[PDB]
Each structure stands twice: as structure tokens, then as C-alpha cells.
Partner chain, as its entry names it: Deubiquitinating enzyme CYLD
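In the form solved without its partner chain, a lone chain appears below as C-alpha cells.
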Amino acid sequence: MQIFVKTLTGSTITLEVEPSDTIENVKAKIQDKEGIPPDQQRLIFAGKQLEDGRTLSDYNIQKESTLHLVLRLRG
């Protein structure tokens, strides 16, 4: 399944995922492509912040869905 991840600056990347993938899995994939550590990532879909432990299917994220990625600094 192909999805998109987009930032506030308009950068868009593509990921290959499965419905059963967790949000934590997706953050790992973004880190592989773009080097952003999962701790600093927050994903949003349909105006809601997503939870690491839940799955893409939980949020009805499908082929060609776009997730919004934003930073949240830990320190």
C-alpha cells in the first residue's frame, strides 16, 4: 500500500506500508528515508494526532492517503 507524508513546508515523500502497520512502524520508515528520529515525529490524519501503538487500518488510512508530519522536540 502506498501512502504520502507531507510537511508544513510542502515536502512530500512516499512510503510503502500495510494496513496492519502501526504508527510506530511508519515513523521508522520515515526515519529510514529522511533521518528524522521517531521521538521527534508527530503524525496527523483527518485532523487527529495518531498514536504509536495503533494501526493504519484503525484510522482508515488507505492507498494514496496523505499523513501530515510535524516536529515535537523532546528536550
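Numbering follows the first chain given and starts at 1.
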{"property": "Third of the chain's Cα B-factor distribution that residue 16 belongs to, per the entry", "result": "middle"}
{"property": "Chain third (lowest, middle, highest) by recorded CA B-factor, residue given as residue 74", "result": "highest"}
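Unshown form deposited with its partner chain bound; subsequent notes refer to it.
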| query | finding |
| --- | --- |
| is_contact(residue 28, its partner chain) in the deposited complex, heavy atom dist at most 4.5 Å | no |
| In the deposited complex, residues of 32 to 70 near its partner chain [heavy atom within 4.5 Å] | 42, 44, 46, 47, 48, 49, 51, 60, 66, 68, 70 |
